[PDB]
Amino acid sequence: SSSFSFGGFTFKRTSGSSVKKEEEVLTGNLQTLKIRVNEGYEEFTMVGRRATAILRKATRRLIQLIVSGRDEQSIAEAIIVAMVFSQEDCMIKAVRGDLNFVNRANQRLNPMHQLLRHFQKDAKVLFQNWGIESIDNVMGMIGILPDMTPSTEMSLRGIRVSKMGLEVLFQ
Ligand SMILES: O=C(O)[C@H]1[C@H]2CC[C@H](CC2)[C@@H]1Nc1nc(-c2c[nH]c3ncc(F)cc23)ncc1F
Ligand SMILES: O=C(O)[C@H]1[C@H]2CC[C@H](CC2)[C@@H]1Nc1nc(-c2c[nH]c3ncc(F)cc23)ncc1F
């Protein structure tokens, strides 16, 4: 509808709709989180200083992320935000230790920001447990492995790196 900020990226919804439904989820540390799950199919653009992306998602499901970034670190930053934003069970179950993050005032962060801060600290467990898949047509986009190196054979599930800037899909 209108643009919002998450993880250093401006997001804008380009199509679709969702409704919030409260769900209780267990983390990989058996901590209960109360998350307002977005239910529906939606498409987004993401813009950051060093990466842009197209995000297509459904209820707790990253269907596809196409990322264009300056370097491996910048691409990884966009992927992490997209994986948290997806609200996938896979991402919740990749949490290690308990989440009790607070802001500058002593106020507990909301669960989505708990998750974001967690995986922005270290995404290695998230990347290693997300899943990989074989990729075929590499003419327009290539794969990225859990170690953030390129591949023309495999990729993180639903993740592709564009061989071009993304104005063509933003238009
Ligand atoms: O425009 C904004 O509000 C923000 C949001 C969207 C992208 C940046 C980070 C978040 C942006 N802020 C700024 N970007 C930039 C900027 C430099 N090179 C870039 N390349 C791509 C890009 F996209 C933004 C930038 N410079 C100063 C900024 F202040
Ligand atoms: O839901 C919220 O509390 C906030 C915080 C956590 C993620 C977004 C940015 C901060 C969120 N804000 C917004 N989310 C959404 C939104 C649509 N579909 C989604 N699927 C998963 C998700 F996670 C957030 C969304 N749209 C507009 C927003 F403005």
# chains A, B, ... in the order shown; residues from 1 in each chain; ligands from 1
$ residues_around --residues "residue 114 in chain A" --least-positions-apart "2" --cutoff "12 Å" --atoms "only C-alpha atoms" --output "compact mmCIF listing (two decimals) with N, CA and C atoms, in the first residue's frame"
# COMPACT_ATOMS: atom_id res chain seq x y z
N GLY A 7 15.04 -3.73 8.54
CA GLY A 7 16.42 -4.23 8.36
C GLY A 7 17.33 -3.39 7.48
N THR A 27 10.80 -21.57 19.00
CA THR A 27 12.14 -21.38 18.42
C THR A 27 12.96 -22.67 18.52
N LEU A 33 7.25 -17.82 21.04
CA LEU A 33 7.06 -16.45 20.51
C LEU A 33 5.63 -16.33 20.02
N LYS A 34 5.05 -15.16 20.23
CA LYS A 34 3.67 -14.85 19.76
C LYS A 34 3.84 -13.91 18.57
N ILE A 35 3.59 -14.44 17.38
CA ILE A 35 3.86 -13.72 16.11
C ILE A 35 2.52 -13.47 15.42
N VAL A 84 13.81 -13.49 7.44
CA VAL A 84 13.06 -13.15 8.65
C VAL A 84 11.64 -12.68 8.27
N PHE A 85 11.56 -11.78 7.30
CA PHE A 85 10.28 -11.21 6.84
C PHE A 85 9.30 -12.32 6.43
N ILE A 92 12.33 -19.63 12.17
CA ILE A 92 12.03 -19.63 13.64
C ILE A 92 12.84 -20.77 14.27
N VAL A 95 16.64 -20.34 15.19
CA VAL A 95 17.03 -19.47 16.35
C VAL A 95 17.83 -20.33 17.33
N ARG A 96 18.97 -19.81 17.80
CA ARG A 96 19.78 -20.46 18.87
C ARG A 96 19.88 -19.51 20.07
N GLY A 97 19.75 -20.05 21.29
CA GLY A 97 19.65 -19.25 22.52
C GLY A 97 18.31 -18.55 22.64
N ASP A 98 18.07 -17.88 23.76
CA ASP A 98 16.79 -17.19 23.99
C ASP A 98 16.95 -15.76 23.48
N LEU A 99 15.83 -15.16 23.10
CA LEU A 99 15.74 -13.80 22.57
C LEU A 99 15.08 -12.95 23.65
N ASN A 100 15.81 -11.95 24.11
CA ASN A 100 15.33 -11.02 25.17
C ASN A 100 15.90 -9.64 24.88
N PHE A 101 16.05 -9.32 23.58
CA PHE A 101 16.61 -8.03 23.11
C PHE A 101 15.70 -6.89 23.54
N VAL A 102 16.33 -5.78 23.89
CA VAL A 102 15.62 -4.55 24.33
C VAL A 102 16.18 -3.36 23.55
N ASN A 103 15.44 -2.25 23.53
CA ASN A 103 15.87 -1.04 22.78
C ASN A 103 16.64 -0.12 23.73
N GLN A 107 12.90 -1.63 26.94
CA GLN A 107 11.66 -2.14 26.31
C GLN A 107 12.04 -3.33 25.44
N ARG A 108 11.38 -4.46 25.67
CA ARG A 108 11.49 -5.69 24.86
C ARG A 108 11.15 -5.40 23.39
N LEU A 109 11.98 -5.80 22.44
CA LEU A 109 11.62 -5.67 21.01
C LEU A 109 10.44 -6.57 20.69
N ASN A 110 9.62 -6.23 19.69
CA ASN A 110 8.54 -7.12 19.20
C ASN A 110 9.21 -8.32 18.55
N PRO A 111 8.55 -9.49 18.48
CA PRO A 111 9.21 -10.73 18.03
C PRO A 111 9.90 -10.63 16.67
N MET A 112 9.29 -9.94 15.69
CA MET A 112 9.96 -9.82 14.36
C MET A 112 11.31 -9.13 14.49
N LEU A 116 15.07 -10.49 13.78
CA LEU A 116 15.97 -9.73 12.89
C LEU A 116 17.32 -9.50 13.57
N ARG A 117 17.32 -8.99 14.79
CA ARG A 117 18.58 -8.68 15.51
C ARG A 117 19.41 -9.96 15.72
N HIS A 118 18.73 -11.06 16.06
CA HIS A 118 19.37 -12.38 16.25
C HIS A 118 20.15 -12.75 14.98
N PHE A 119 19.49 -12.82 13.83
CA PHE A 119 20.10 -13.34 12.60
C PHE A 119 21.04 -12.30 11.98
N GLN A 120 20.84 -11.01 12.25
CA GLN A 120 21.81 -9.99 11.77
C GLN A 120 23.12 -10.15 12.55
N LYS A 121 23.06 -10.66 13.77
CA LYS A 121 24.30 -10.93 14.55
C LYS A 121 25.11 -12.07 13.90
$ select_by_dssp --residues "range 19-159 of chain A" --states "strand (DSSP E)" --output "number ranges by chain"
A: 19-26, 32-39, 42-47, 51-58, 61-69, 132-134, 141-144, 150-151, 154-156, 159
$ residues_near_ligand --ligand "ligand 2" --cutoff "10 Å" --atoms "only C-alpha atoms and all ligand atoms" --output "PDB file with N, CA, C and O atoms, in the first residue's frame"
ATOM      1  N   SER A   1       0.852  -1.208   0.000  1.00  0.00           N
ATOM      2  CA  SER A   1       0.000   0.000   0.000  1.00  0.00           C
ATOM      3  C   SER A   1       0.883   1.251   0.000  1.00  0.00           C
ATOM      4  O   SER A   1       0.782   2.033  -0.961  1.00  0.00           O
ATOM      5  N   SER A   2       1.717   1.408   1.034  1.00  0.00           N
ATOM      6  CA  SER A   2       2.708   2.508   1.206  1.00  0.00           C
ATOM      7  C   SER A   2       4.038   1.934   1.748  1.00  0.00           C
ATOM      8  O   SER A   2       4.010   0.827   2.359  1.00  0.00           O
ATOM      9  N   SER A   3       5.177   2.603   1.521  1.00  0.00           N
ATOM     10  CA  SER A   3       6.527   2.044   1.837  1.00  0.00           C
ATOM     11  C   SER A   3       6.809   2.011   3.346  1.00  0.00           C
ATOM     12  O   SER A   3       6.251   2.813   4.112  1.00  0.00           O
ATOM     13  N   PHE A   4       7.573   1.009   3.793  1.00  0.00           N
ATOM     14  CA  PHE A   4       7.962   0.835   5.205  1.00  0.00           C
ATOM     15  C   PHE A   4       9.393   0.331   5.241  1.00  0.00           C
ATOM     16  O   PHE A   4       9.896  -0.132   4.213  1.00  0.00           O
ATOM     17  N   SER A   5      10.042   0.488   6.384  1.00  0.00           N
ATOM     18  CA  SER A   5      11.484   0.172   6.558  1.00  0.00           C
ATOM     19  C   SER A   5      11.603  -1.122   7.378  1.00  0.00           C
ATOM     20  O   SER A   5      10.885  -1.258   8.379  1.00  0.00           O
ATOM     21  N   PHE A   6      12.495  -2.015   6.975  1.00  0.00           N
ATOM     22  CA  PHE A   6      12.796  -3.230   7.795  1.00  0.00           C
ATOM     23  C   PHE A   6      14.217  -3.638   7.495  1.00  0.00           C
ATOM     24  O   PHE A   6      14.590  -3.779   6.311  1.00  0.00           O
ATOM     25  N   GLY A   7      15.043  -3.732   8.542  1.00  0.00           N
ATOM     26  CA  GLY A   7      16.421  -4.232   8.358  1.00  0.00           C
ATOM     27  C   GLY A   7      17.333  -3.392   7.477  1.00  0.00           C
ATOM     28  O   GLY A   7      18.267  -3.974   6.860  1.00  0.00           O
ATOM     29  N   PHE A   9      16.281  -1.756   4.758  1.00  0.00           N
ATOM     30  CA  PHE A   9      15.645  -1.780   3.415  1.00  0.00           C
ATOM     31  C   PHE A   9      14.318  -1.041   3.465  1.00  0.00           C
ATOM     32  O   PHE A   9      13.516  -1.277   4.359  1.00  0.00           O
ATOM     33  N   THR A  10      14.037  -0.233   2.432  1.00  0.00           N
ATOM     34  CA  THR A  10      12.668   0.224   2.124  1.00  0.00           C
ATOM     35  C   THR A  10      11.931  -0.901   1.387  1.00  0.00           C
ATOM     36  O   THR A  10      12.430  -1.375   0.351  1.00  0.00           O
ATOM     37  N   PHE A  11      10.815  -1.314   1.954  1.00  0.00           N
ATOM     38  CA  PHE A  11       9.895  -2.310   1.366  1.00  0.00           C
ATOM     39  C   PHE A  11       8.726  -1.556   0.760  1.00  0.00           C
ATOM     40  O   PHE A  11       8.225  -0.576   1.372  1.00  0.00           O
ATOM     41  N   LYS A  12       8.206  -2.076  -0.347  1.00  0.00           N
ATOM     42  CA  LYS A  12       6.900  -1.613  -0.816  1.00  0.00           C
ATOM     43  C   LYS A  12       6.181  -2.832  -1.362  1.00  0.00           C
ATOM     44  O   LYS A  12       6.806  -3.550  -2.145  1.00  0.00           O
ATOM     45  N   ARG A  13       4.919  -2.983  -0.989  1.00  0.00           N
ATOM     46  CA  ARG A  13       4.081  -4.081  -1.532  1.00  0.00           C
ATOM     47  C   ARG A  13       3.672  -3.671  -2.947  1.00  0.00           C
ATOM     48  O   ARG A  13       3.145  -2.561  -3.114  1.00  0.00           O
ATOM     49  N   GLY A  16      -1.065  -7.876  -4.140  1.00  0.00           N
ATOM     50  CA  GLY A  16      -1.580  -8.875  -3.199  1.00  0.00           C
ATOM     51  C   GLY A  16      -2.069  -8.226  -1.926  1.00  0.00           C
ATOM     52  O   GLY A  16      -2.108  -6.992  -1.801  1.00  0.00           O
ATOM     53  N   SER A  17      -2.404  -9.040  -0.951  1.00  0.00           N
ATOM     54  CA  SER A  17      -3.008  -8.598   0.329  1.00  0.00           C
ATOM     55  C   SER A  17      -2.717  -9.664   1.374  1.00  0.00           C
ATOM     56  O   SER A  17      -2.434 -10.827   1.002  1.00  0.00           O
ATOM     57  N   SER A  18      -2.830  -9.273   2.623  1.00  0.00           N
ATOM     58  CA  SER A  18      -2.757 -10.219   3.758  1.00  0.00           C
ATOM     59  C   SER A  18      -3.612  -9.738   4.914  1.00  0.00           C
ATOM     60  O   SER A  18      -3.908  -8.523   5.027  1.00  0.00           O
ATOM     61  N   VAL A  19      -3.914 -10.684   5.790  1.00  0.00           N
ATOM     62  CA  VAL A  19      -4.529 -10.397   7.108  1.00  0.00           C
ATOM     63  C   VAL A  19      -3.631 -11.032   8.178  1.00  0.00           C
ATOM     64  O   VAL A  19      -3.065 -12.096   7.901  1.00  0.00           O
ATOM     65  N   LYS A  20      -3.505 -10.379   9.329  1.00  0.00           N
ATOM     66  CA  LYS A  20      -2.717 -10.845  10.501  1.00  0.00           C
ATOM     67  C   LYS A  20      -3.524 -11.863  11.307  1.00  0.00           C
ATOM     68  O   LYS A  20      -4.729 -11.645  11.526  1.00  0.00           O
ATOM     69  N   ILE A  35       3.592 -14.438  17.382  1.00  0.00           N
ATOM     70  CA  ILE A  35       3.858 -13.721  16.114  1.00  0.00           C
ATOM     71  C   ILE A  35       2.523 -13.473  15.417  1.00  0.00           C
ATOM     72  O   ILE A  35       1.669 -14.362  15.379  1.00  0.00           O
ATOM     73  N   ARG A  36       2.373 -12.260  14.935  1.00  0.00           N
ATOM     74  CA  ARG A  36       1.265 -11.878  14.045  1.00  0.00           C
ATOM     75  C   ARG A  36       1.656 -12.288  12.625  1.00  0.00           C
ATOM     76  O   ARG A  36       2.379 -11.541  11.962  1.00  0.00           O
ATOM     77  N   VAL A  37       1.214 -13.470  12.219  1.00  0.00           N
ATOM     78  CA  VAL A  37       1.495 -14.064  10.882  1.00  0.00           C
ATOM     79  C   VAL A  37       0.651 -13.340   9.844  1.00  0.00           C
ATOM     80  O   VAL A  37      -0.591 -13.275  10.013  1.00  0.00           O
ATOM     81  N   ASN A  38       1.297 -12.846   8.796  1.00  0.00           N
ATOM     82  CA  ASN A  38       0.562 -12.365   7.597  1.00  0.00           C
ATOM     83  C   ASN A  38       0.082 -13.549   6.767  1.00  0.00           C
ATOM     84  O   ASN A  38       0.908 -14.329   6.247  1.00  0.00           O
ATOM     85  N   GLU A  39      -1.238 -13.614   6.545  1.00  0.00           N
ATOM     86  CA  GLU A  39      -1.847 -14.678   5.726  1.00  0.00           C
ATOM     87  C   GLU A  39      -2.264 -14.099   4.373  1.00  0.00           C
ATOM     88  O   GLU A  39      -3.087 -13.186   4.351  1.00  0.00           O
ATOM     89  N   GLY A  40      -1.668 -14.613   3.306  1.00  0.00           N
ATOM     90  CA  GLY A  40      -1.996 -14.224   1.927  1.00  0.00           C
ATOM     91  C   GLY A  40      -0.779 -14.299   1.043  1.00  0.00           C
ATOM     92  O   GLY A  40       0.361 -14.544   1.546  1.00  0.00           O
ATOM     93  N   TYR A  41      -0.975 -14.082  -0.250  1.00  0.00           N
ATOM     94  CA  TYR A  41       0.114 -14.043  -1.240  1.00  0.00           C
ATOM     95  C   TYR A  41       0.434 -12.576  -1.538  1.00  0.00           C
ATOM     96  O   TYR A  41      -0.496 -11.799  -1.845  1.00  0.00           O
ATOM     97  N   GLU A  42       1.704 -12.212  -1.488  1.00  0.00           N
ATOM     98  CA  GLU A  42       2.106 -10.793  -1.657  1.00  0.00           C
ATOM     99  C   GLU A  42       3.427 -10.723  -2.394  1.00  0.00           C
ATOM    100  O   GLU A  42       4.268 -11.662  -2.289  1.00  0.00           O
ATOM    101  N   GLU A  43       3.617  -9.610  -3.103  1.00  0.00           N
ATOM    102  CA  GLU A  43       4.889  -9.282  -3.771  1.00  0.00           C
ATOM    103  C   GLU A  43       5.393  -7.926  -3.301  1.00  0.00           C
ATOM    104  O   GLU A  43       4.583  -7.052  -2.982  1.00  0.00           O
ATOM    105  N   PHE A  44       6.709  -7.803  -3.202  1.00  0.00           N
ATOM    106  CA  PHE A  44       7.387  -6.606  -2.638  1.00  0.00           C
ATOM    107  C   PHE A  44       8.602  -6.276  -3.484  1.00  0.00           C
ATOM    108  O   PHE A  44       9.225  -7.127  -4.135  1.00  0.00           O
ATOM    109  N   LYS A  57       6.068 -13.852  -1.769  1.00  0.00           N
ATOM    110  CA  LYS A  57       5.839 -14.704  -0.588  1.00  0.00           C
ATOM    111  C   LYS A  57       4.367 -15.041  -0.417  1.00  0.00           C
ATOM    112  O   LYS A  57       3.472 -14.333  -0.964  1.00  0.00           O
ATOM    113  N   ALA A  58       4.146 -16.119   0.340  1.00  0.00           N
ATOM    114  CA  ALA A  58       2.829 -16.523   0.838  1.00  0.00           C
ATOM    115  C   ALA A  58       2.910 -16.694   2.347  1.00  0.00           C
ATOM    116  O   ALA A  58       3.914 -16.331   2.995  1.00  0.00           O
ATOM    117  N   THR A  59       1.833 -17.194   2.925  1.00  0.00           N
ATOM    118  CA  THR A  59       1.744 -17.382   4.377  1.00  0.00           C
ATOM    119  C   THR A  59       2.955 -18.182   4.848  1.00  0.00           C
ATOM    120  O   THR A  59       3.118 -19.346   4.450  1.00  0.00           O
ATOM    121  N   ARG A  60       3.772 -17.584   5.706  1.00  0.00           N
ATOM    122  CA  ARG A  60       4.996 -18.237   6.235  1.00  0.00           C
ATOM    123  C   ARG A  60       5.759 -19.008   5.147  1.00  0.00           C
ATOM    124  O   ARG A  60       6.225 -20.142   5.375  1.00  0.00           O
ATOM    125  N   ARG A  61       5.932 -18.401   3.989  1.00  0.00           N
ATOM    126  CA  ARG A  61       6.585 -19.071   2.852  1.00  0.00           C
ATOM    127  C   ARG A  61       7.282 -18.034   1.990  1.00  0.00           C
ATOM    128  O   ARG A  61       6.569 -17.226   1.350  1.00  0.00           O
ATOM    129  N   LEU A  62       8.611 -18.108   1.931  1.00  0.00           N
ATOM    130  CA  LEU A  62       9.399 -17.373   0.909  1.00  0.00           C
ATOM    131  C   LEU A  62       9.282 -18.150  -0.401  1.00  0.00           C
ATOM    132  O   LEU A  62       9.851 -19.244  -0.505  1.00  0.00           O
ATOM    133  N   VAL A  81      17.220 -10.420   5.770  1.00  0.00           N
ATOM    134  CA  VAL A  81      15.999  -9.638   6.064  1.00  0.00           C
ATOM    135  C   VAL A  81      14.810 -10.357   5.429  1.00  0.00           C
ATOM    136  O   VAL A  81      13.770 -10.457   6.075  1.00  0.00           O
ATOM    137  N   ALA A  82      14.948 -10.774   4.185  1.00  0.00           N
ATOM    138  CA  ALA A  82      13.893 -11.512   3.461  1.00  0.00           C
ATOM    139  C   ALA A  82      13.549 -12.811   4.221  1.00  0.00           C
ATOM    140  O   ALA A  82      12.342 -13.137   4.338  1.00  0.00           O
ATOM    141  N   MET A  83      14.538 -13.540   4.727  1.00  0.00           N
ATOM    142  CA  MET A  83      14.213 -14.823   5.402  1.00  0.00           C
ATOM    143  C   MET A  83      13.434 -14.542   6.695  1.00  0.00           C
ATOM    144  O   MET A  83      12.498 -15.293   7.087  1.00  0.00           O
ATOM    145  N   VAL A  84      13.809 -13.489   7.435  1.00  0.00           N
ATOM    146  CA  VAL A  84      13.055 -13.152   8.655  1.00  0.00           C
ATOM    147  C   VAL A  84      11.644 -12.682   8.269  1.00  0.00           C
ATOM    148  O   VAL A  84      10.655 -13.095   8.903  1.00  0.00           O
ATOM    149  N   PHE A  85      11.556 -11.783   7.301  1.00  0.00           N
ATOM    150  CA  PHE A  85      10.281 -11.207   6.835  1.00  0.00           C
ATOM    151  C   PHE A  85       9.296 -12.319   6.425  1.00  0.00           C
ATOM    152  O   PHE A  85       8.075 -12.195   6.576  1.00  0.00           O
ATOM    153  N   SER A  86       9.817 -13.402   5.862  1.00  0.00           N
ATOM    154  CA  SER A  86       8.980 -14.536   5.381  1.00  0.00           C
ATOM    155  C   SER A  86       8.150 -15.158   6.503  1.00  0.00           C
ATOM    156  O   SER A  86       7.155 -15.845   6.188  1.00  0.00           O
ATOM    157  N   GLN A  87       8.623 -15.052   7.753  1.00  0.00           N
ATOM    158  CA  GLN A  87       8.007 -15.675   8.938  1.00  0.00           C
ATOM    159  C   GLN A  87       8.043 -17.214   8.831  1.00  0.00           C
ATOM    160  O   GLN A  87       7.267 -17.863   9.564  1.00  0.00           O
ATOM    161  N   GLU A  88       8.918 -17.778   8.005  1.00  0.00           N
ATOM    162  CA  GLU A  88       8.989 -19.262   7.815  1.00  0.00           C
ATOM    163  C   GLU A  88       9.306 -19.957   9.144  1.00  0.00           C
ATOM    164  O   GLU A  88      10.143 -19.476   9.914  1.00  0.00           O
ATOM    165  N   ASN A 110       9.624  -6.231  19.689  1.00  0.00           N
ATOM    166  CA  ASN A 110       8.543  -7.118  19.199  1.00  0.00           C
ATOM    167  C   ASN A 110       9.211  -8.322  18.549  1.00  0.00           C
ATOM    168  O   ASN A 110      10.347  -8.213  18.136  1.00  0.00           O
ATOM    169  N   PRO A 111       8.548  -9.495  18.480  1.00  0.00           N
ATOM    170  CA  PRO A 111       9.208 -10.732  18.031  1.00  0.00           C
ATOM    171  C   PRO A 111       9.901 -10.632  16.666  1.00  0.00           C
ATOM    172  O   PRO A 111      11.005 -11.166  16.526  1.00  0.00           O
ATOM    173  N   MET A 112       9.292  -9.940  15.688  1.00  0.00           N
ATOM    174  CA  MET A 112       9.956  -9.821  14.357  1.00  0.00           C
ATOM    175  C   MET A 112      11.311  -9.134  14.494  1.00  0.00           C
ATOM    176  O   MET A 112      12.267  -9.516  13.808  1.00  0.00           O
ATOM    177  N   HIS A 113      11.434  -8.108  15.345  1.00  0.00           N
ATOM    178  CA  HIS A 113      12.716  -7.404  15.583  1.00  0.00           C
ATOM    179  C   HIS A 113      13.677  -8.222  16.456  1.00  0.00           C
ATOM    180  O   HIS A 113      14.894  -8.138  16.196  1.00  0.00           O
ATOM    181  N   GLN A 114      13.156  -9.025  17.380  1.00  0.00           N
ATOM    182  CA  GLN A 114      13.965 -10.030  18.125  1.00  0.00           C
ATOM    183  C   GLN A 114      14.668 -10.936  17.101  1.00  0.00           C
ATOM    184  O   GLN A 114      15.911 -11.154  17.138  1.00  0.00           O
ATOM    185  N   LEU A 115      13.877 -11.472  16.183  1.00  0.00           N
ATOM    186  CA  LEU A 115      14.388 -12.406  15.154  1.00  0.00           C
ATOM    187  C   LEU A 115      15.421 -11.691  14.272  1.00  0.00           C
ATOM    188  O   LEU A 115      16.517 -12.260  13.993  1.00  0.00           O
ATOM    189  N   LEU A 116      15.074 -10.492  13.783  1.00  0.00           N
ATOM    190  CA  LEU A 116      15.968  -9.732  12.885  1.00  0.00           C
ATOM    191  C   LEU A 116      17.324  -9.504  13.569  1.00  0.00           C
ATOM    192  O   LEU A 116      18.364  -9.797  12.971  1.00  0.00           O
TER     193      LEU A 116
END
$ residues_near_ligand --ligand "ligand 1" --cutoff "7 Å" --atoms "only C-alpha atoms and all ligand atoms" --output "PyMOL selection string"
chain A and resi 8-10+47-50
$ residues_around --residues "residue 157 in chain A" --least-positions-apart "2" --cutoff "7 Å" --atoms "only C-alpha atoms" --output "CSV table (one decimal) with N, CA and C atoms, in the first residue's frame"
chain,number,residue,atom,x,y,z
A,131,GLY,N,17.9,-24.8,3.5
A,131,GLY,CA,17.7,-25.7,2.5
A,131,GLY,C,18.3,-25.2,1.2
A,132,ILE,N,18.8,-26.1,0.4
A,132,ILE,CA,19.4,-25.8,-1.0
A,132,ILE,C,18.6,-26.6,-2.0
A,133,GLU,N,18.6,-26.2,-3.3
A,133,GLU,CA,17.9,-26.8,-4.4
A,133,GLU,C,18.8,-26.7,-5.6
A,155,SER,N,21.4,-23.5,-5.3
A,155,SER,CA,21.1,-22.3,-4.5
A,155,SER,C,20.4,-22.6,-3.2
A,159,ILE,N,16.0,-18.7,-3.5
A,159,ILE,CA,16.9,-17.5,-3.6
A,159,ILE,C,17.7,-17.5,-4.9
$ residues_around --residues "residue 136 in chain A" --least-positions-apart "3" --cutoff "10 Å" --atoms "only C-alpha atoms" --output "PyMOL selection string"
chain A and resi 139+142-143+152-154
$ residues_around --residues "range 162-168 of chain A" --least-positions-apart "2" --cutoff "8 Å" --atoms "only C-alpha atoms" --output "number ranges by chain"
A: 52-54, 66-68, 139-142, 160, 170-171
$ atom_distance --atom1 "CA of residue 147 in chain A" --atom2 "CA of residue 124 in chain A"
8.0 Å
$ select_by_dssp --residues "range 59-161 of chain A" --states "alpha helix (DSSP H)" --output "ChimeraX atom specification"
/A:72-85,89-93,111-121,124-130
$ closest_residue --among "A:55, A:125, A:105, A:63" --to "residue 93 in chain A" --atoms "only C-alpha atoms"
A:125
$ decode --residues "range 142-162 of chain A" --atoms "N, CA and C atoms" --output "PDB file, in the first residue's frame"
ATOM      1  N   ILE A 142      21.566 -16.373 -11.210  1.00  0.00           N
ATOM      2  CA  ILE A 142      22.399 -17.525 -10.772  1.00  0.00           C
ATOM      3  C   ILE A 142      22.042 -17.875  -9.330  1.00  0.00           C
ATOM      4  N   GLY A 143      22.707 -18.891  -8.792  1.00  0.00           N
ATOM      5  CA  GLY A 143      22.488 -19.386  -7.430  1.00  0.00           C
ATOM      6  C   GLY A 143      23.455 -18.775  -6.448  1.00  0.00           C
ATOM      7  N   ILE A 144      23.108 -18.871  -5.177  1.00  0.00           N
ATOM      8  CA  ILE A 144      24.020 -18.478  -4.072  1.00  0.00           C
ATOM      9  C   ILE A 144      23.944 -19.583  -3.020  1.00  0.00           C
ATOM     10  N   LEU A 145      25.109 -20.101  -2.629  1.00  0.00           N
ATOM     11  CA  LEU A 145      25.218 -21.188  -1.636  1.00  0.00           C
ATOM     12  C   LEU A 145      25.084 -20.661  -0.216  1.00  0.00           C
ATOM     13  N   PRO A 146      24.840 -21.552   0.770  1.00  0.00           N
ATOM     14  CA  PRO A 146      24.781 -21.127   2.165  1.00  0.00           C
ATOM     15  C   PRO A 146      26.030 -20.360   2.633  1.00  0.00           C
ATOM     16  N   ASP A 147      27.215 -20.598   2.039  1.00  0.00           N
ATOM     17  CA  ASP A 147      28.446 -19.835   2.398  1.00  0.00           C
ATOM     18  C   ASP A 147      28.525 -18.496   1.650  1.00  0.00           C
ATOM     19  N   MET A 148      27.510 -18.166   0.841  1.00  0.00           N
ATOM     20  CA  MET A 148      27.312 -16.868   0.128  1.00  0.00           C
ATOM     21  C   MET A 148      28.170 -16.778  -1.137  1.00  0.00           C
ATOM     22  N   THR A 149      28.737 -17.896  -1.580  1.00  0.00           N
ATOM     23  CA  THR A 149      29.493 -17.960  -2.849  1.00  0.00           C
ATOM     24  C   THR A 149      28.528 -18.295  -3.988  1.00  0.00           C
ATOM     25  N   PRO A 150      28.818 -17.816  -5.211  1.00  0.00           N
ATOM     26  CA  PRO A 150      27.947 -18.109  -6.349  1.00  0.00           C
ATOM     27  C   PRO A 150      28.006 -19.558  -6.817  1.00  0.00           C
ATOM     28  N   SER A 151      26.930 -20.002  -7.438  1.00  0.00           N
ATOM     29  CA  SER A 151      26.809 -21.328  -8.079  1.00  0.00           C
ATOM     30  C   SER A 151      25.904 -21.216  -9.301  1.00  0.00           C
ATOM     31  N   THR A 152      26.205 -21.967 -10.361  1.00  0.00           N
ATOM     32  CA  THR A 152      25.288 -22.137 -11.511  1.00  0.00           C
ATOM     33  C   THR A 152      24.568 -23.481 -11.409  1.00  0.00           C
ATOM     34  N   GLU A 153      24.787 -24.260 -10.347  1.00  0.00           N
ATOM     35  CA  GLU A 153      24.169 -25.603 -10.204  1.00  0.00           C
ATOM     36  C   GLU A 153      23.154 -25.646  -9.054  1.00  0.00           C
ATOM     37  N   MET A 154      23.381 -24.887  -7.979  1.00  0.00           N
ATOM     38  CA  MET A 154      22.577 -25.008  -6.746  1.00  0.00           C
ATOM     39  C   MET A 154      22.359 -23.629  -6.135  1.00  0.00           C
ATOM     40  N   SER A 155      21.377 -23.549  -5.254  1.00  0.00           N
ATOM     41  CA  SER A 155      21.145 -22.288  -4.526  1.00  0.00           C
ATOM     42  C   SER A 155      20.387 -22.554  -3.240  1.00  0.00           C
ATOM     43  N   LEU A 156      20.526 -21.647  -2.286  1.00  0.00           N
ATOM     44  CA  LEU A 156      19.533 -21.528  -1.202  1.00  0.00           C
ATOM     45  C   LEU A 156      18.121 -21.576  -1.805  1.00  0.00           C
ATOM     46  N   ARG A 157      17.232 -22.342  -1.192  1.00  0.00           N
ATOM     47  CA  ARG A 157      15.846 -22.613  -1.678  1.00  0.00           C
ATOM     48  C   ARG A 157      15.124 -21.277  -1.903  1.00  0.00           C
ATOM     49  N   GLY A 158      14.606 -21.029  -3.110  1.00  0.00           N
ATOM     50  CA  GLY A 158      13.826 -19.810  -3.413  1.00  0.00           C
ATOM     51  C   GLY A 158      14.684 -18.578  -3.601  1.00  0.00           C
ATOM     52  N   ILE A 159      16.011 -18.677  -3.480  1.00  0.00           N
ATOM     53  CA  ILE A 159      16.902 -17.486  -3.560  1.00  0.00           C
ATOM     54  C   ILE A 159      17.651 -17.524  -4.892  1.00  0.00           C
ATOM     55  N   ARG A 160      17.668 -16.399  -5.631  1.00  0.00           N
ATOM     56  CA  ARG A 160      18.461 -16.269  -6.873  1.00  0.00           C
ATOM     57  C   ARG A 160      19.109 -14.888  -6.894  1.00  0.00           C
ATOM     58  N   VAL A 161      20.260 -14.787  -7.551  1.00  0.00           N
ATOM     59  CA  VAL A 161      21.010 -13.512  -7.678  1.00  0.00           C
ATOM     60  C   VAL A 161      20.924 -13.091  -9.148  1.00  0.00           C
ATOM     61  N   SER A 162      20.432 -11.884  -9.403  1.00  0.00           N
ATOM     62  CA  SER A 162      20.182 -11.370 -10.770  1.00  0.00           C
ATOM     63  C   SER A 162      21.521 -11.098 -11.447  1.00  0.00           C
TER      64      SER A 162
END
